[PDB]
Amino acid sequence: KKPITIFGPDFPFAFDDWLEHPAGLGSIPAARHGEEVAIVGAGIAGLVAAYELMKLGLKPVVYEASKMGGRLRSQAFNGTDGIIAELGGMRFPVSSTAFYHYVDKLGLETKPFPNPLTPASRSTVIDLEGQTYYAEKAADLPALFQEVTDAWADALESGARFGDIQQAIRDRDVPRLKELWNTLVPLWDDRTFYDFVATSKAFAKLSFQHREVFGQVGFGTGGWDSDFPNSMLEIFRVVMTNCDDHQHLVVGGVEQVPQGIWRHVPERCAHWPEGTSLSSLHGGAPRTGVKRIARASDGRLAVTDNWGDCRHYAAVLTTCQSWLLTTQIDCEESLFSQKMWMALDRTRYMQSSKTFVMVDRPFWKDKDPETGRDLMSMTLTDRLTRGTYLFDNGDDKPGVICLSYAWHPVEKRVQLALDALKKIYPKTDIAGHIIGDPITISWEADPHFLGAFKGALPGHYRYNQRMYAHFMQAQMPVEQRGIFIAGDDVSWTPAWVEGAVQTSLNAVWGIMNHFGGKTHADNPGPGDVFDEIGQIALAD
Amino acid sequence: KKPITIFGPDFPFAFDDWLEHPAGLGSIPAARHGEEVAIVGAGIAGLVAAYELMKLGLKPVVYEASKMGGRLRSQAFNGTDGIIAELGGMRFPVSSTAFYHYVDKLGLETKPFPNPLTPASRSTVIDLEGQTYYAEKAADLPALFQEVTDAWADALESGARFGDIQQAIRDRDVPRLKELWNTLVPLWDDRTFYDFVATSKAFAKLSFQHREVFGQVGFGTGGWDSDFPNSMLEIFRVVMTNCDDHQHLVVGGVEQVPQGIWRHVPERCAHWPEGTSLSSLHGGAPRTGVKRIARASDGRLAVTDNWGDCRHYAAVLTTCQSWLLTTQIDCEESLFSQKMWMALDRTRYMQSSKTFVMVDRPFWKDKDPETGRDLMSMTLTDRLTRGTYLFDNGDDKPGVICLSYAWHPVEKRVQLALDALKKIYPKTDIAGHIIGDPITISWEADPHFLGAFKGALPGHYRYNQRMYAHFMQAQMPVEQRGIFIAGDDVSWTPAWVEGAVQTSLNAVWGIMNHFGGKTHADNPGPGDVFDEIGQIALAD
Amino acid sequence: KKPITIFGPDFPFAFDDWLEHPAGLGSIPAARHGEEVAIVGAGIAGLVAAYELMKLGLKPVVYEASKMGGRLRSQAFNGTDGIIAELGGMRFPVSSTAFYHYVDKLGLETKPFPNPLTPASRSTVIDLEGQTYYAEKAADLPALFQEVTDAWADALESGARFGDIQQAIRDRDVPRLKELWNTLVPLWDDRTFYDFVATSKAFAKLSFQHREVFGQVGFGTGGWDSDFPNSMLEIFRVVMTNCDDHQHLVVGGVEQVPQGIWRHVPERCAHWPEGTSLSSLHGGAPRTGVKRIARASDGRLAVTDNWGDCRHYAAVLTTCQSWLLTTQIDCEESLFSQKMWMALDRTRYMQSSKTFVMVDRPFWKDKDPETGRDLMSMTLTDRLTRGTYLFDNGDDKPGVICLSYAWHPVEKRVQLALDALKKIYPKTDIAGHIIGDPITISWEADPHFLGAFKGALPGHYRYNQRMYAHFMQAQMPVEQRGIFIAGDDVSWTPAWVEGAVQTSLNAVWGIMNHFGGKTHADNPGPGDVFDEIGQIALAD
Ligand SMILES: Cc1cc2nc3c(=O)[nH]c(=O)nc-3n(C[C@H](O)[C@H](O)[C@H](O)COP(=O)(O)OP(=O)(O)OC[C@H]3O[C@@H](n4cnc5c(N)ncnc54)[C@H](O)[C@@H]3O)c2cc1C
Ligand SMILES: Cc1cc2nc3c(=O)[nH]c(=O)nc-3n(C[C@H](O)[C@H](O)[C@H](O)COP(=O)(O)OP(=O)(O)OC[C@H]3O[C@@H](n4cnc5c(N)ncnc54)[C@H](O)[C@@H]3O)c2cc1C
Ligand SMILES: Cc1cc2nc3c(=O)[nH]c(=O)nc-3n(C[C@H](O)[C@H](O)[C@H](O)COP(=O)(O)OP(=O)(O)OC[C@H]3O[C@@H](n4cnc5c(N)ncnc54)[C@H](O)[C@@H]3O)c2cc1C
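Residue numbers (the working numbering), protein chains in the order written: chain A, 125 to 664; chain B, 125 to 664; chain C, 125 to 664.
Pasting the structure below:
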């Protein structure tokens, strides 16, 4: 079978084909080469856009208020050479084909993520209501977990035509894909993942306890409870495009992606001398934080940094979490329509915490001979810690444990997790193996950021659709043209890096178009097919 | 008309009748008079329980980790006599008849709260997507508001038999109320208020805008969007018992209720000398914060305070937000069943902010000669402030403005609200009337609180039901008897003080029962009718 | 002997006589009655000035950014009626005759403070280097303490003519006082209290251990180590005017002083209707925080509050800690001479912490029969706590303990003190007696404040002298006249409330003078004698 990819459903454009075609993304009239475009944010969406716009012969000017890379952030443990904790995104589904274009272009290595019940994990432990279940494969788990898995598979088949949608994604059958998906949009926009579960016949036939299990740990590979309040459409998108499985980690830390894009010399650029990179063009560093964006009296856009320095541009792309545009960035009211402002004000963000320790070796691989069990496993629980992941860097290098994912000082956070993990594994001495420093993150603190990523709110498809289409500007008044937005808040998969890359590439098409440029006839880009296969607009 | 009171629907017991009966609440055998019972928390739930158990001849020992009153908290502005800002609860629906029992006992005065479109408010302004609507009566508003109003009424009437339930409430007809309510519980437990509105016929045939207005400002009396994620059963309870209307403020500040209960000499009391109050029994102050609760080897409960002092009690009642029992307070595992632990672990809390200024006089009552509009009104908006309240203390006295009630230093909070109000009232100089200090509160920022109050989660009716029933301990193993819980998270109306009072009175019943007491035959209490009319248990 | 008072040495003006004389402080021409004078700060210096200027027929307009009373701040423990912890100043030497004028005028009660080795304290314990010394009177202490006391008495006699200065203060012999003091000013301005100790023959003849004792606990009544880095002149002033002994507490909390001044009706006011008070004149509350002071184009002074409200005044008195004028308050550069700005920029502040608990009764009064010792005493130590004070509110009301004075959360601060006090008193159970809530303060946090009070820096007499004389404005250019400063940073006794009151009364004379007013011939005020007996100016 042809692979599942993040191909629609909302906009089934082949971003991958577009990036891979030998013709390139398009061209800008040479009279405009060298002109500047401001890009606010040096996370993956800002840098992908800057890189491709550099290749088209413009001079991107990246601004960054905090650290290069944004929410792709990898921290080395003290003393070590490349043993990292992932502070932002860490598990990248292979269906993320536009993201992996850049990973592959940089020649970075990836490996399978140690998810429960996969080849990359030896064993799993589920701890619920004080009972522990050990499993080396899914069939080791008690029947109740398979019942949960069947009820979920049946709910998605009955409720959303999961099988048909996946096949149309595999085949890239756009007409069929849009027919299946567009039926679901007005049905499920207004309804939570809570409501999908509670009105599905398959979950209704199971005991309450089964629905609880499903929220805490799913069928044994990860719970759903943090997603229950969100729009069911968001959950459909996730599961239909395999975001939630077949995931890889980037060896040496995914921060190498935006750091490598910064430094990478394209083989072929319009206008620039051979050897040019984003880094070259900038004299080595992005500009500082943006505090104001305004329309200048010459009709160009005015961008003022934190220190009062104000520079003019024909186009500005903002990739900070989009709610900062309403408060933090003083962005001139005439720059967005009233309805765009309303969509921008309404975004809400989910919060997350992860704490990592380093260990001297992957001791979890040892066997307890009184039981046959690994000393420790990928752990899913209803307790504090929720999920614990084990990273085997090889038998004779340090391991890393993500002691706690979930949705006090570092020292207290780690002690609380080790106490909970002692309840679950009363015979294993985890503490004894820990070395170096603990690394903790909460995205909340710092800001600059509002949360790990947005939670798609029921009833907000209309706002999402207006923001997603913002790059299509032929019909907008001249006072609203020339500013562009991208990043994972803009995208249909807000928790997943491929959303940030796809919306970024839509913005690249938009900006190219803005400068009088166009795609090559044999390699059309997002704005060439958007009106025909773009996301449906709902009435009112 | 017989009034609507907070009489069920889940537990339709007349707590008001039980308090007002001249027989009193019951009695405990003389041999047990003077024995101590620990009460953790000196909010309204802890003090009402302490008060009534003192009357029955016990020696309550109240512990308080922060301030007396809990979330009933009233702060005076600098240098004034009796001019207050209400930091916790401020508007108390007169359906709250058990709370008002204590307000009245203490001879406190109340007045109508200045809610929009009521006689206590002269005018309202609604400000939505950049447009302003002035109204001195509901009919001044454009037709969109009356359509939302009719839709909500039709939705409740159609989907929940609201008219019939309210009539059963007014009549105190228990069999009819339970028949109407019990049918709703399994239908709506696991659906959100989002889902209820979206799927209702009456909103489903109106434009998107109508639902959006409903979320932001309702039909002109306050928006509902902060309750959208909650179980629809919670919202039924609130509207069916009139929690959201006919509200009064306590003159001089609602904190006088718990401070007064503390000092009040009861009109009858077993065991204690004439003139005894909670305050005299305690020698003036509650004990400090509790750190640990455990079962001692003599079979009693051991309560260890923050400074390590340990004391034994035959019963302990806890009234802090009940999730603290899982974390801040080290509460011995064997004290709750596994199922009670699971209910306790699951509660989640809503967050709140309010900022108040004092003004020199009630200037908003001045007319603008031009437009005929008040200078300022009760203001509902989609802007940051969300709601602004105006408190008239008489023409010759300072006024108070609640500048923002929504769901940062104080100076930046006030400045940002004044900037939003300038956008709405570009001709009114609010700033020029402000005197004294700005008073703000965020409940989350204090560590003895997790939020303003819980939000009821879809699907948690089974947990709610088990925690509400925990005071009924005939069927429990010995090791789980003698500890009790009460407070607003325990109740069916978790954002309303009447829930804290009613759950506290169930606990009083349970504690009197624990000490071998009982109610008088002519005044039965909650535990005497619970098994028959208490809330329905759902099956697995 | 006639009593020691805070009478000079630097400006030996009888503030007390001036306040007490039946003529009053002076008068302003009636044509200026009712005109406004801005006063920034509602601590004791702002309110004393406002009160007296109201009496002269002006309309003071008090501004307050934080809480009325400033660093006189008394907090009731929860549940109690008037059992207070003192958060600011708590021990007021009776030599503070201008401060006590207001205490007496308000009819507040005072009582002796429980200082070590005084009639108000039963016993003292000194704990040093792990040895404990118990004493009910000074002679119980080992010889080493009397040796320290003699060496200090001899150092002050030899080095500073302590005896002669005290006699000239008792007699109020101004010529002699100024002759003795003015010799010391240039000698000791540049030298620390460190240096005075290390070059004195009396300390040189003692072992090192004796000098250490002196810094930690003095001769048994309080150590000096926190004062060692300061200008020796400041220490002279303190000891010569008995600031450091014969101290009283204000019953019910010293915050009653500025709160009572706010509400007090003078018997005799110029201009105002009978019954006028500061509170009346203000409609009940001071204005909010000041953010800007500027010179207006009409020549008057412009005062802008935090909310942008800007009002004009003929005169402004600022009493916030004076360093806020340089940063926080945007105060126009033309308002102060260059040399005044320099004096204002150079002030530095000392930091302090105090933690208080309430206890059920004054248990410390109980005797240990195995030893004859009180269970607990006023405790001086080199450990964390430094000093612990015991407040006996009567055998049958709660006691208060100041567990820790010295120069983490509250819970941790109290635990750390109880642990240290367990080392010292291994047999006493303090914890068991503690009730209510702990009250802690650090002045640092909040700001508004820079520290508890300024530390007089060696070599800064010239800056102190210019700021002290700032109220004398006949010789200043018209652009620098009309603004005035007062408060304890301005005063010669920065750690002591009488400094704030004296500089305030100098400002009252200044402002009166500014409005064309004068003192009565038979009751001359500070500015009438300042040029003749004011603080010496040093050359350069
Ligand atoms: C906890 C967590 C786990 C995740 N897990 C995964 C995962 O498993 N798989 C996956 O695919 N994805 C995951 N993601 C998502 C992926 O990390 C994001 O989708 C992606 O990194 C966001 O990229 P971006 O360019 O949209 O935004 P960002 O990375 O946020 O970049 C925006 C940049 O703008 C900067 N900025 C903000 N304000 C200003 C200003 N005023 N001026 C200048 N610059 C400014 C910010 O500092 C930031 O660097 C995860 C994210 C988080 C937080
Ligand atoms: C922002 C806000 C607005 C509100 N609006 C309204 C309204 O309009 N109408 C209405 O009817 N109700 C309103 N309420 C609700 C009402 O205020 C609360 O329901 C009621 O006050 C809760 O009382 P309680 O006794 O349950 O809990 P609390 O008042 O929280 O009392 C519990 C006490 O336990 C103490 N404590 C915590 N931990 C410990 C420990 N370890 N040891 C000892 N003590 C401890 C806490 O300090 C607290 O004082 C509002 C509440 C808030 C926060
Ligand atoms: C820890 C401690 C212990 C002490 N011990 C003693 C003692 O034992 N004996 C003794 O005699 N004295 C003692 N003192 C000193 C006495 O408390 C002070 O000398 C006196 O209270 C200071 O009075 P003030 O009016 O100069 O200043 P404050 O009391 O500081 O009043 C200044 C006011 O200005 C306000 N303000 C600041 N900025 C602004 C603005 N922008 N706009 C408007 N208002 C503003 C502040 O909020 C404050 O209320 C002690 C002080 C401290 C801190």
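Even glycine gets a Cβ: it sits at the ideal position worked out from N, Cα and C.
When the cut-off is 7 Å and only beta carbons count, does residue i lie next to chain B?
i, result
"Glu568 of chain C", "no"
"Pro522 of chain C", "yes"
"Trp142 of chain C", "no"
"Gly407 of chain C", "yes"
"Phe332 of chain A", "yes"
"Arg590 of chain A", "no"
Report the three-state DSSP secondary structure of residue i (helix, strand or coil).
i, result
"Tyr585 of chain A", "helix"
"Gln255 of chain A", "strand"
"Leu308 of chain A", "helix"
"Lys126 of chain B", "coil"
"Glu160 of chain B", "strand"
"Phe137 of chain C", "coil"
"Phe608 of chain A", "strand"
"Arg387 of chain B", "helix"
Kindly indicate if chain C contains any beta-carbon less than 7 Å away from that of residue i.
i, result
"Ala555 of chain B", "yes"
Counting only Cβ pairs nearer than 8 Å, list the residues of chain E close to residue i.
i, result
"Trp488 of chain C", "This model lacks chain E altogether; the protein chains it does include are A, B and C."
Would residue i count as contacting chain A if we go by Cβ distances under 7 Å?
i, result
"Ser421 of chain B", "no"
Distance check for residue j and residue i, CA to CA, integer angstroms please.
i, j, result
"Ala173 of chain B", "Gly206 of chain C", "25 Å"
"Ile152 of chain C", "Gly181 of chain C", "7 Å"
"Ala420 of chain C", "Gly423 of chain A", "39 Å"
"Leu514 of chain B", "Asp520 of chain B", "16 Å"
"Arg435 of chain B", "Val534 of chain A", "34 Å"
"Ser615 of chain C", "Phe269 of chain C", "33 Å"
"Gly193 of chain B", "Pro382 of chain C", "27 Å"
"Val161 of chain A", "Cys455 of chain C", "42 Å"
"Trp305 of chain B", "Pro136 of chain B", "11 Å"
"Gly148 of chain B", "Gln371 of chain B", "28 Å"
Just to check, is the beta-carbon of residue i closer than 6 Å to a non-hydrogen atom of ligand 3?
i, result
"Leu373 of chain C", "no"
"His225 of chain C", "no"
"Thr204 of chain A", "no"
"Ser190 of chain C", "yes"
Is residue i near ligand 1, with its Cβ less than 6 Å from a heavy atom?
i, result
"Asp274 of chain A", "no"
"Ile635 of chain A", "no"
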